[PDB]
Each structure stands twice: as C-alpha cells, then as structure tokens.
>>> print(open('protein-v6.cif').read())   # mmCIF, N, CA and C atoms
data_data
loop_
_atom_site.label_atom_id
_atom_site.label_comp_id
_atom_site.auth_asym_id
_atom_site.auth_seq_id
_atom_site.Cartn_x
_atom_site.Cartn_y
_atom_site.Cartn_z
N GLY A 1 0.81 -1.21 0.00
CA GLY A 1 0.00 0.00 0.00
C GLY A 1 0.84 1.26 0.00
N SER A 2 0.19 2.41 0.17
CA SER A 2 0.89 3.69 0.18
C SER A 2 1.49 3.99 -1.19
N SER A 3 1.09 5.12 -1.77
CA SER A 3 1.58 5.52 -3.08
C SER A 3 1.45 7.03 -3.27
N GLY A 4 2.58 7.70 -3.49
CA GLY A 4 2.57 9.13 -3.68
C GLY A 4 3.96 9.73 -3.66
N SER A 5 4.08 10.96 -4.16
CA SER A 5 5.37 11.64 -4.20
C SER A 5 5.23 13.10 -3.78
N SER A 6 4.32 13.82 -4.45
CA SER A 6 4.09 15.22 -4.15
C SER A 6 5.33 16.06 -4.45
N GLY A 7 5.23 16.90 -5.47
CA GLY A 7 6.35 17.75 -5.85
C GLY A 7 7.14 17.18 -7.01
N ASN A 8 6.52 17.17 -8.19
CA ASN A 8 7.18 16.64 -9.39
C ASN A 8 7.37 17.74 -10.43
N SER A 9 6.34 18.56 -10.61
CA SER A 9 6.39 19.65 -11.58
C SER A 9 6.58 19.10 -13.00
N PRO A 10 5.94 19.76 -13.97
CA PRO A 10 6.03 19.37 -15.38
C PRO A 10 7.41 19.63 -15.98
N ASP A 11 7.97 18.61 -16.63
CA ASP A 11 9.29 18.73 -17.24
C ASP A 11 10.31 19.24 -16.23
N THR A 12 11.05 18.32 -15.63
CA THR A 12 12.07 18.67 -14.64
C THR A 12 12.77 17.43 -14.11
N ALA A 13 14.09 17.40 -14.26
CA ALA A 13 14.88 16.27 -13.79
C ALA A 13 14.44 14.97 -14.45
N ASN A 14 15.17 13.89 -14.18
CA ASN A 14 14.85 12.59 -14.75
C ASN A 14 15.11 12.58 -16.26
N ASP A 15 16.23 11.99 -16.65
CA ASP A 15 16.60 11.91 -18.06
C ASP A 15 15.77 10.84 -18.77
N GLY A 16 15.19 9.93 -18.00
CA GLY A 16 14.39 8.87 -18.57
C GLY A 16 15.12 7.54 -18.59
N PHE A 17 15.90 7.28 -17.55
CA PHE A 17 16.65 6.03 -17.45
C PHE A 17 15.81 4.93 -16.83
N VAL A 18 16.08 3.69 -17.21
CA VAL A 18 15.35 2.54 -16.69
C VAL A 18 16.26 1.34 -16.50
N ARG A 19 15.90 0.46 -15.57
CA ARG A 19 16.68 -0.73 -15.29
C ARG A 19 15.89 -1.99 -15.59
N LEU A 20 16.49 -2.91 -16.33
CA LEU A 20 15.84 -4.17 -16.69
C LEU A 20 16.40 -5.32 -15.87
N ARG A 21 15.54 -6.28 -15.54
CA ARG A 21 15.95 -7.44 -14.76
C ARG A 21 15.30 -8.72 -15.30
N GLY A 22 16.13 -9.70 -15.62
CA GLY A 22 15.62 -10.96 -16.15
C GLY A 22 15.67 -11.01 -17.66
N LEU A 23 16.74 -10.47 -18.24
CA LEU A 23 16.90 -10.45 -19.69
C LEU A 23 17.18 -11.86 -20.22
N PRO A 24 16.71 -12.13 -21.44
CA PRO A 24 16.90 -13.43 -22.09
C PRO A 24 18.35 -13.68 -22.48
N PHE A 25 18.66 -14.92 -22.85
CA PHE A 25 20.01 -15.29 -23.24
C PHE A 25 20.44 -14.52 -24.49
N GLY A 26 21.60 -13.88 -24.41
CA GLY A 26 22.11 -13.11 -25.54
C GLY A 26 21.32 -11.84 -25.77
N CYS A 27 20.67 -11.35 -24.72
CA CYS A 27 19.88 -10.13 -24.82
C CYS A 27 20.76 -8.93 -25.15
N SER A 28 20.46 -8.27 -26.27
CA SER A 28 21.23 -7.11 -26.70
C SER A 28 20.31 -6.01 -27.23
N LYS A 29 20.89 -4.85 -27.50
CA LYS A 29 20.12 -3.72 -28.01
C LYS A 29 19.19 -4.16 -29.14
N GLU A 30 19.75 -4.86 -30.12
CA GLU A 30 18.97 -5.34 -31.25
C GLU A 30 17.60 -5.83 -30.80
N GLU A 31 17.56 -6.48 -29.64
CA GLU A 31 16.31 -7.00 -29.10
C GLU A 31 15.59 -5.94 -28.28
N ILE A 32 16.36 -5.12 -27.57
CA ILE A 32 15.79 -4.06 -26.75
C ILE A 32 15.13 -2.99 -27.61
N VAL A 33 15.93 -2.30 -28.41
CA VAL A 33 15.42 -1.25 -29.29
C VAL A 33 14.02 -1.59 -29.79
N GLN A 34 13.84 -2.83 -30.24
CA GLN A 34 12.55 -3.28 -30.75
C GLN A 34 11.57 -3.51 -29.61
N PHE A 35 12.06 -4.10 -28.52
CA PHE A 35 11.22 -4.37 -27.36
C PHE A 35 10.50 -3.11 -26.89
N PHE A 36 11.06 -1.96 -27.25
CA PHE A 36 10.48 -0.68 -26.86
C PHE A 36 9.85 0.02 -28.06
N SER A 37 9.32 -0.77 -28.99
CA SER A 37 8.70 -0.23 -30.19
C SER A 37 7.78 0.94 -29.85
N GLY A 38 7.72 1.92 -30.74
CA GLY A 38 6.87 3.08 -30.51
C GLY A 38 7.56 4.14 -29.68
N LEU A 39 8.50 3.72 -28.84
CA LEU A 39 9.23 4.64 -27.98
C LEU A 39 10.52 5.11 -28.66
N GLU A 40 10.98 6.30 -28.28
CA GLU A 40 12.20 6.86 -28.85
C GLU A 40 13.33 6.87 -27.82
N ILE A 41 14.44 6.23 -28.17
CA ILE A 41 15.59 6.16 -27.28
C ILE A 41 16.81 6.84 -27.90
N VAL A 42 17.67 7.38 -27.05
CA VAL A 42 18.87 8.06 -27.52
C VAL A 42 19.92 7.06 -28.00
N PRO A 43 20.78 7.51 -28.93
CA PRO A 43 21.84 6.67 -29.49
C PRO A 43 22.94 6.36 -28.47
N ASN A 44 23.28 5.09 -28.35
CA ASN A 44 24.32 4.66 -27.41
C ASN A 44 23.90 4.96 -25.97
N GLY A 45 22.60 4.99 -25.73
CA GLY A 45 22.10 5.26 -24.39
C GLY A 45 21.65 4.00 -23.67
N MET A 46 22.34 2.89 -23.94
CA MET A 46 22.01 1.62 -23.31
C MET A 46 23.26 0.97 -22.72
N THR A 47 23.09 0.33 -21.57
CA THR A 47 24.20 -0.34 -20.90
C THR A 47 23.85 -1.78 -20.55
N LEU A 48 24.75 -2.70 -20.90
CA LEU A 48 24.53 -4.12 -20.63
C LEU A 48 25.77 -4.74 -20.00
N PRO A 49 25.80 -4.79 -18.66
CA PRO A 49 26.93 -5.36 -17.91
C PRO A 49 27.01 -6.88 -18.06
N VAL A 50 28.06 -7.46 -17.50
CA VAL A 50 28.26 -8.91 -17.57
C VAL A 50 28.97 -9.43 -16.33
N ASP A 51 29.17 -10.74 -16.27
CA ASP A 51 29.85 -11.36 -15.14
C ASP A 51 31.36 -11.21 -15.26
N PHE A 52 32.09 -11.94 -14.42
CA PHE A 52 33.54 -11.89 -14.43
C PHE A 52 34.10 -12.52 -15.70
N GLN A 53 33.31 -13.37 -16.33
CA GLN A 53 33.72 -14.05 -17.55
C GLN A 53 33.12 -13.36 -18.78
N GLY A 54 32.08 -12.57 -18.56
CA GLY A 54 31.43 -11.87 -19.65
C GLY A 54 30.02 -12.37 -19.91
N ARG A 55 29.47 -13.09 -18.94
CA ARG A 55 28.12 -13.63 -19.06
C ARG A 55 27.08 -12.62 -18.60
N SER A 56 26.17 -12.26 -19.50
CA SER A 56 25.13 -11.29 -19.19
C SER A 56 24.58 -11.51 -17.78
N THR A 57 24.37 -10.42 -17.06
CA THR A 57 23.85 -10.50 -15.70
C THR A 57 22.34 -10.27 -15.67
N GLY A 58 21.69 -10.51 -16.81
CA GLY A 58 20.25 -10.33 -16.89
C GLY A 58 19.82 -8.93 -16.49
N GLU A 59 20.75 -7.98 -16.56
CA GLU A 59 20.45 -6.60 -16.20
C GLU A 59 20.91 -5.64 -17.30
N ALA A 60 20.20 -4.52 -17.43
CA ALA A 60 20.53 -3.52 -18.44
C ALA A 60 19.95 -2.16 -18.08
N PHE A 61 20.52 -1.11 -18.64
CA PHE A 61 20.06 0.25 -18.38
C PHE A 61 19.84 1.02 -19.68
N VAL A 62 18.61 1.44 -19.91
CA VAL A 62 18.26 2.18 -21.12
C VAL A 62 17.96 3.64 -20.80
N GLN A 63 18.32 4.53 -21.72
CA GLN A 63 18.09 5.96 -21.53
C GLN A 63 17.14 6.50 -22.59
N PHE A 64 15.92 6.82 -22.18
CA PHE A 64 14.92 7.34 -23.10
C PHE A 64 15.17 8.82 -23.40
N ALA A 65 14.70 9.28 -24.55
CA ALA A 65 14.87 10.67 -24.95
C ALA A 65 14.45 11.62 -23.84
N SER A 66 13.48 11.19 -23.04
CA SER A 66 12.98 12.01 -21.94
C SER A 66 12.08 11.19 -21.02
N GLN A 67 11.80 11.73 -19.84
CA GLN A 67 10.95 11.05 -18.87
C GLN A 67 9.62 10.65 -19.50
N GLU A 68 8.99 11.59 -20.19
CA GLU A 68 7.71 11.33 -20.85
C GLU A 68 7.73 9.98 -21.57
N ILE A 69 8.87 9.66 -22.17
CA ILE A 69 9.02 8.41 -22.90
C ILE A 69 9.37 7.26 -21.95
N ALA A 70 10.01 7.59 -20.84
CA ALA A 70 10.39 6.59 -19.85
C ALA A 70 9.17 5.93 -19.24
N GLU A 71 8.20 6.74 -18.84
CA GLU A 71 6.97 6.23 -18.24
C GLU A 71 6.28 5.23 -19.17
N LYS A 72 6.14 5.62 -20.44
CA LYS A 72 5.50 4.76 -21.43
C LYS A 72 6.14 3.38 -21.45
N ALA A 73 7.44 3.33 -21.16
CA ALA A 73 8.17 2.07 -21.15
C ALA A 73 7.96 1.33 -19.83
N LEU A 74 7.77 2.09 -18.75
CA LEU A 74 7.56 1.51 -17.43
C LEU A 74 6.39 0.53 -17.45
N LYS A 75 5.32 0.91 -18.13
CA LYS A 75 4.13 0.07 -18.23
C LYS A 75 4.48 -1.28 -18.85
N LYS A 76 5.63 -1.35 -19.51
CA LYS A 76 6.07 -2.58 -20.15
C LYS A 76 6.81 -3.47 -19.16
N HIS A 77 6.41 -3.39 -17.89
CA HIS A 77 7.04 -4.20 -16.85
C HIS A 77 6.58 -5.65 -16.93
N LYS A 78 7.45 -6.56 -16.51
CA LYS A 78 7.14 -7.99 -16.54
C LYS A 78 6.97 -8.48 -17.97
N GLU A 79 7.26 -7.60 -18.93
CA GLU A 79 7.14 -7.95 -20.34
C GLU A 79 8.24 -8.92 -20.76
N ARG A 80 7.85 -10.15 -21.09
CA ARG A 80 8.80 -11.17 -21.50
C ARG A 80 9.18 -10.99 -22.97
N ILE A 81 10.43 -11.29 -23.29
CA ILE A 81 10.92 -11.17 -24.66
C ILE A 81 11.34 -12.53 -25.22
N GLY A 82 10.38 -13.23 -25.82
CA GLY A 82 10.67 -14.53 -26.39
C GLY A 82 10.30 -15.67 -25.45
N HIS A 83 10.62 -15.50 -24.17
CA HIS A 83 10.32 -16.52 -23.17
C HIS A 83 11.02 -16.22 -21.85
N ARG A 84 11.08 -14.94 -21.50
CA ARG A 84 11.72 -14.51 -20.27
C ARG A 84 11.19 -13.16 -19.81
N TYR A 85 10.34 -13.18 -18.79
CA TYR A 85 9.75 -11.96 -18.26
C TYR A 85 10.83 -10.92 -17.95
N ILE A 86 10.56 -9.67 -18.31
CA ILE A 86 11.51 -8.59 -18.07
C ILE A 86 10.98 -7.62 -17.03
N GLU A 87 11.78 -7.39 -15.98
CA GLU A 87 11.39 -6.48 -14.91
C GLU A 87 12.01 -5.10 -15.12
N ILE A 88 11.16 -4.10 -15.33
CA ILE A 88 11.62 -2.73 -15.54
C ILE A 88 11.43 -1.88 -14.29
N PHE A 89 12.47 -1.15 -13.91
CA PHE A 89 12.42 -0.30 -12.73
C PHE A 89 13.08 1.05 -13.00
N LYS A 90 12.30 2.12 -12.88
CA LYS A 90 12.80 3.46 -13.11
C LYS A 90 14.18 3.64 -12.49
N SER A 91 15.13 4.13 -13.28
CA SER A 91 16.49 4.34 -12.80
C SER A 91 17.01 5.71 -13.24
N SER A 92 18.29 5.96 -12.97
CA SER A 92 18.91 7.23 -13.33
C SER A 92 20.32 7.01 -13.85
N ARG A 93 20.77 7.92 -14.72
CA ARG A 93 22.11 7.83 -15.29
C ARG A 93 23.17 7.69 -14.20
N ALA A 94 23.00 8.47 -13.13
CA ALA A 94 23.94 8.43 -12.01
C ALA A 94 24.12 7.01 -11.49
N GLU A 95 23.01 6.30 -11.33
CA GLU A 95 23.05 4.93 -10.84
C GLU A 95 23.93 4.05 -11.73
N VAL A 96 23.65 4.06 -13.02
CA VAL A 96 24.42 3.27 -13.98
C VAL A 96 25.92 3.41 -13.73
N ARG A 97 26.50 2.39 -13.09
CA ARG A 97 27.92 2.40 -12.79
C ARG A 97 28.75 2.56 -14.06
N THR A 98 29.90 3.20 -13.93
CA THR A 98 30.78 3.43 -15.07
C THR A 98 32.22 3.67 -14.62
N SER A 99 32.62 2.98 -13.55
CA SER A 99 33.97 3.13 -13.02
C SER A 99 34.30 4.60 -12.77
N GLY A 100 33.82 5.13 -11.66
CA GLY A 100 34.07 6.52 -11.33
C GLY A 100 33.27 6.99 -10.13
N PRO A 101 33.16 8.32 -9.97
CA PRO A 101 32.42 8.92 -8.86
C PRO A 101 30.91 8.72 -8.99
N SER A 102 30.43 8.69 -10.23
CA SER A 102 29.01 8.50 -10.49
C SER A 102 28.44 7.38 -9.63
N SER A 103 27.93 7.74 -8.46
CA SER A 103 27.36 6.77 -7.54
C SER A 103 26.66 7.46 -6.37
N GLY A 104 25.55 6.88 -5.93
CA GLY A 104 24.80 7.46 -4.82
C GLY A 104 23.93 8.62 -5.26
#
>>> encode(input="protein-v6.cif", output="structure tokens")
Amino acid sequence: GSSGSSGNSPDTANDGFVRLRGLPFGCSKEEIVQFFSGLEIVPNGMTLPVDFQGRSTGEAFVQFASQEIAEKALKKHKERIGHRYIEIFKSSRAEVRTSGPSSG
C-alpha cells in the first residue's frame, strides 16, 4: 500500500533512465530497441553489464529521450521477450555504474 510523491512539476529532472531485470540469453540492443517499439531512445544510451567471464547479468540500463518516454516504457514491466519476463524499474544515469564517482 501507500503511493505518492508530491512535488514533481512538469518537465524537470529525470533523463528517462530505466533498469531491466531478467533479460533473455544473448539479450542485446537489437532485441531491446525493438522491445520498446513506438518509444524513442537516444543513441548509445544503453548499458549491458556482464559477469567476471562476460556472461550477461540479466540486467541492463536504457536511456529514453525524456521522462515522458520513460513512463511509457515503465508500463512494459514484466514484459517477456521470447520466453523470459523482463522487470523494468525506473532508474537514473547516475546509478548506472561506469567506473568513477558517479554513484549514490
């Protein structure tokens, strides 16, 4: 229960980043870009980490042109791609690790 924020204002903050969980085997942009059909995403605005050997961690970070587009994608939660439900959770560029201060 409990749902609310209060204090959002139209157009402000939030670049439109999102976090995916439970990606299919060999999940890549080619599959993502399409998975978000109708939505507009920025070029090279996607991140797909891996394990110590390079095995996808079923996680990814996409950056939408703007929040307005991010929300539209949020509704696509639990959306499976081929045979693997995908969990989408609103995220931020700052979160997306990149070996540096960008954290917290």
>>> residues_around(input="protein-v6.cif", residues="region 31-36 of chain A", least_positions_apart="5", cutoff="8 Å", atoms="only N, CA and C atoms", output="list in words")
residues 26, 41, 73 and 81 of chain A
>>> residues_around(input="protein-v6.cif", residues="region 51-63 of chain A", least_positions_apart="5", cutoff="10 Å", atoms="only C-alpha atoms", output="PyMOL selection string")
chain A and resi 15-29+32-33+40-46+69-70+86-93+95-97
>>> resolve_selection(input="protein-v6.cif", expression="the PyMOL selection byres ((chain A and resi 104) around 6)", output="number ranges by chain")
A: 94-95, 102-103
>>> atom_distance(input="protein-v6.cif", atom1="atom C of residue 82 (chain A)", atom2="atom N of residue 37 (chain A)")
15.3 Å
>>> atom_distance(input="protein-v6.cif", atom1="atom N of residue 9 (chain A)", atom2="CA of residue 66 (chain A)")
14.7 Å
>>> select_by_dssp(input="protein-v6.cif", residues="region 2-104 of chain A", states="strand (DSSP E)", output="list in words")
residues 17, 18, 19, 20, 21, 41, 42, 43, 44, 45, 46, 47, 59, 60, 61, 62, 63, 64, 87, 88, 89, 90 and 91 of chain A
>>> write_last_selection(input="protein-v6.cif", atoms="N, CA and C atoms", output="PDB file, keeping the file's coordinate frame")
ATOM      1  N   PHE A  17      15.900   7.280 -17.550  1.00  0.00           N
ATOM      2  CA  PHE A  17      16.650   6.030 -17.450  1.00  0.00           C
ATOM      3  C   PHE A  17      15.810   4.930 -16.830  1.00  0.00           C
ATOM      4  N   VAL A  18      16.080   3.690 -17.210  1.00  0.00           N
ATOM      5  CA  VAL A  18      15.350   2.540 -16.690  1.00  0.00           C
ATOM      6  C   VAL A  18      16.260   1.340 -16.500  1.00  0.00           C
ATOM      7  N   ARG A  19      15.900   0.460 -15.570  1.00  0.00           N
ATOM      8  CA  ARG A  19      16.680  -0.730 -15.290  1.00  0.00           C
ATOM      9  C   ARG A  19      15.890  -1.990 -15.590  1.00  0.00           C
ATOM     10  N   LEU A  20      16.490  -2.910 -16.330  1.00  0.00           N
ATOM     11  CA  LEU A  20      15.840  -4.170 -16.690  1.00  0.00           C
ATOM     12  C   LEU A  20      16.400  -5.320 -15.870  1.00  0.00           C
ATOM     13  N   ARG A  21      15.540  -6.280 -15.540  1.00  0.00           N
ATOM     14  CA  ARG A  21      15.950  -7.440 -14.760  1.00  0.00           C
ATOM     15  C   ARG A  21      15.300  -8.720 -15.300  1.00  0.00           C
ATOM     16  N   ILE A  41      14.440   6.230 -28.170  1.00  0.00           N
ATOM     17  CA  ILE A  41      15.590   6.160 -27.280  1.00  0.00           C
ATOM     18  C   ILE A  41      16.810   6.840 -27.900  1.00  0.00           C
ATOM     19  N   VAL A  42      17.670   7.380 -27.050  1.00  0.00           N
ATOM     20  CA  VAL A  42      18.870   8.060 -27.520  1.00  0.00           C
ATOM     21  C   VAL A  42      19.920   7.060 -28.000  1.00  0.00           C
ATOM     22  N   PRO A  43      20.780   7.510 -28.930  1.00  0.00           N
ATOM     23  CA  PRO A  43      21.840   6.670 -29.490  1.00  0.00           C
ATOM     24  C   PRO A  43      22.940   6.360 -28.470  1.00  0.00           C
ATOM     25  N   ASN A  44      23.280   5.090 -28.350  1.00  0.00           N
ATOM     26  CA  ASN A  44      24.320   4.660 -27.410  1.00  0.00           C
ATOM     27  C   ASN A  44      23.900   4.960 -25.970  1.00  0.00           C
ATOM     28  N   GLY A  45      22.600   4.990 -25.730  1.00  0.00           N
ATOM     29  CA  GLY A  45      22.100   5.260 -24.390  1.00  0.00           C
ATOM     30  C   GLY A  45      21.650   4.000 -23.670  1.00  0.00           C
ATOM     31  N   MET A  46      22.340   2.890 -23.940  1.00  0.00           N
ATOM     32  CA  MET A  46      22.010   1.620 -23.310  1.00  0.00           C
ATOM     33  C   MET A  46      23.260   0.970 -22.720  1.00  0.00           C
ATOM     34  N   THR A  47      23.090   0.330 -21.570  1.00  0.00           N
ATOM     35  CA  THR A  47      24.200  -0.340 -20.900  1.00  0.00           C
ATOM     36  C   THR A  47      23.850  -1.780 -20.550  1.00  0.00           C
ATOM     37  N   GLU A  59      20.750  -7.980 -16.560  1.00  0.00           N
ATOM     38  CA  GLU A  59      20.450  -6.600 -16.200  1.00  0.00           C
ATOM     39  C   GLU A  59      20.910  -5.640 -17.300  1.00  0.00           C
ATOM     40  N   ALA A  60      20.200  -4.520 -17.430  1.00  0.00           N
ATOM     41  CA  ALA A  60      20.530  -3.520 -18.440  1.00  0.00           C
ATOM     42  C   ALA A  60      19.950  -2.160 -18.080  1.00  0.00           C
ATOM     43  N   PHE A  61      20.520  -1.110 -18.640  1.00  0.00           N
ATOM     44  CA  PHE A  61      20.060   0.250 -18.380  1.00  0.00           C
ATOM     45  C   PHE A  61      19.840   1.020 -19.680  1.00  0.00           C
ATOM     46  N   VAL A  62      18.610   1.440 -19.910  1.00  0.00           N
ATOM     47  CA  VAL A  62      18.260   2.180 -21.120  1.00  0.00           C
ATOM     48  C   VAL A  62      17.960   3.640 -20.800  1.00  0.00           C
ATOM     49  N   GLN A  63      18.320   4.530 -21.720  1.00  0.00           N
ATOM     50  CA  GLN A  63      18.090   5.960 -21.530  1.00  0.00           C
ATOM     51  C   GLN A  63      17.140   6.500 -22.590  1.00  0.00           C
ATOM     52  N   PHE A  64      15.920   6.820 -22.180  1.00  0.00           N
ATOM     53  CA  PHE A  64      14.920   7.340 -23.100  1.00  0.00           C
ATOM     54  C   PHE A  64      15.170   8.820 -23.400  1.00  0.00           C
ATOM     55  N   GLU A  87      11.780  -7.390 -15.980  1.00  0.00           N
ATOM     56  CA  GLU A  87      11.390  -6.480 -14.910  1.00  0.00           C
ATOM     57  C   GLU A  87      12.010  -5.100 -15.120  1.00  0.00           C
ATOM     58  N   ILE A  88      11.160  -4.100 -15.330  1.00  0.00           N
ATOM     59  CA  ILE A  88      11.620  -2.730 -15.540  1.00  0.00           C
ATOM     60  C   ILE A  88      11.430  -1.880 -14.290  1.00  0.00           C
ATOM     61  N   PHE A  89      12.470  -1.150 -13.910  1.00  0.00           N
ATOM     62  CA  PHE A  89      12.420  -0.300 -12.730  1.00  0.00           C
ATOM     63  C   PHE A  89      13.080   1.050 -13.000  1.00  0.00           C
ATOM     64  N   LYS A  90      12.300   2.120 -12.880  1.00  0.00           N
ATOM     65  CA  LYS A  90      12.800   3.460 -13.110  1.00  0.00           C
ATOM     66  C   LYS A  90      14.180   3.640 -12.490  1.00  0.00           C
ATOM     67  N   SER A  91      15.130   4.130 -13.280  1.00  0.00           N
ATOM     68  CA  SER A  91      16.490   4.340 -12.800  1.00  0.00           C
ATOM     69  C   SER A  91      17.010   5.710 -13.240  1.00  0.00           C
TER      70      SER A  91
END
>>> atom_distance(input="protein-v6.cif", atom1="CA of residue 67 (chain A)", atom2="atom C of residue 14 (chain A)")
5.1 Å
>>> axis_aligned_box(input="protein-v6.cif", around="region 50-55 of chain A", padding_each_side="5 Å", output="JSON")
{"center_x": 30.6, "center_y": -10.8, "center_z": -17.2, "size_x": 17.0, "size_y": 16.6, "size_z": 15.5}
>>> select_by_dssp(input="protein-v6.cif", residues="chain A", states="helix (DSSP H, G or I)", output="count of residues only")
15
>>> decode(input="protein-v6.cif", residues="region 22-92 of chain A", atoms="C-alpha atoms", output="CSV table (one decimal), in the first residue's frame")
chain,number,residue,atom,x,y,z
A,22,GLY,CA,15.6,-11.0,-16.1
A,23,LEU,CA,16.9,-10.5,-19.7
A,24,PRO,CA,16.9,-13.4,-22.1
A,25,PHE,CA,20.0,-15.3,-23.2
A,26,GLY,CA,22.1,-13.1,-25.5
A,27,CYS,CA,19.9,-10.1,-24.8
A,28,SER,CA,21.2,-7.1,-26.7
A,29,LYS,CA,20.1,-3.7,-28.0
A,30,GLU,CA,19.0,-5.3,-31.3
A,31,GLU,CA,16.3,-7.0,-29.1
A,32,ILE,CA,15.8,-4.1,-26.7
A,33,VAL,CA,15.4,-1.3,-29.3
A,34,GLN,CA,12.6,-3.3,-30.7
A,35,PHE,CA,11.2,-4.4,-27.4
A,36,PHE,CA,10.5,-0.7,-26.9
A,37,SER,CA,8.7,-0.2,-30.2
A,38,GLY,CA,6.9,3.1,-30.5
A,39,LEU,CA,9.2,4.6,-28.0
A,40,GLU,CA,12.2,6.9,-28.8
A,41,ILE,CA,15.6,6.2,-27.3
A,42,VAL,CA,18.9,8.1,-27.5
A,43,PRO,CA,21.8,6.7,-29.5
A,44,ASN,CA,24.3,4.7,-27.4
A,45,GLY,CA,22.1,5.3,-24.4
A,46,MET,CA,22.0,1.6,-23.3
A,47,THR,CA,24.2,-0.3,-20.9
A,48,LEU,CA,24.5,-4.1,-20.6
A,49,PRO,CA,26.9,-5.4,-17.9
A,50,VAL,CA,28.3,-8.9,-17.6
A,51,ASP,CA,29.8,-11.4,-15.1
A,52,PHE,CA,33.5,-11.9,-14.4
A,53,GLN,CA,33.7,-14.0,-17.6
A,54,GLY,CA,31.4,-11.9,-19.7
A,55,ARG,CA,28.1,-13.6,-19.1
A,56,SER,CA,25.1,-11.3,-19.2
A,57,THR,CA,23.8,-10.5,-15.7
A,58,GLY,CA,20.3,-10.3,-16.9
A,59,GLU,CA,20.5,-6.6,-16.2
A,60,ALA,CA,20.5,-3.5,-18.4
A,61,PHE,CA,20.1,0.3,-18.4
A,62,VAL,CA,18.3,2.2,-21.1
A,63,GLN,CA,18.1,6.0,-21.5
A,64,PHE,CA,14.9,7.3,-23.1
A,65,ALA,CA,14.9,10.7,-25.0
A,66,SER,CA,13.0,12.0,-21.9
A,67,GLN,CA,10.9,11.1,-18.9
A,68,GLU,CA,7.7,11.3,-20.8
A,69,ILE,CA,9.0,8.4,-22.9
A,70,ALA,CA,10.4,6.6,-19.8
A,71,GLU,CA,7.0,6.2,-18.2
A,72,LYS,CA,5.5,4.8,-21.4
A,73,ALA,CA,8.2,2.1,-21.1
A,74,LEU,CA,7.6,1.5,-17.4
A,75,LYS,CA,4.1,0.1,-18.2
A,76,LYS,CA,6.1,-2.6,-20.2
A,77,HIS,CA,7.0,-4.2,-16.8
A,78,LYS,CA,7.1,-8.0,-16.5
A,79,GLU,CA,7.1,-7.9,-20.3
A,80,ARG,CA,8.8,-11.2,-21.5
A,81,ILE,CA,10.9,-11.2,-24.7
A,82,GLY,CA,10.7,-14.5,-26.4
A,83,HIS,CA,10.3,-16.5,-23.2
A,84,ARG,CA,11.7,-14.5,-20.3
A,85,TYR,CA,9.8,-12.0,-18.3
A,86,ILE,CA,11.5,-8.6,-18.1
A,87,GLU,CA,11.4,-6.5,-14.9
A,88,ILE,CA,11.6,-2.7,-15.5
A,89,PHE,CA,12.4,-0.3,-12.7
A,90,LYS,CA,12.8,3.5,-13.1
A,91,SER,CA,16.5,4.3,-12.8
A,92,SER,CA,18.9,7.2,-13.3
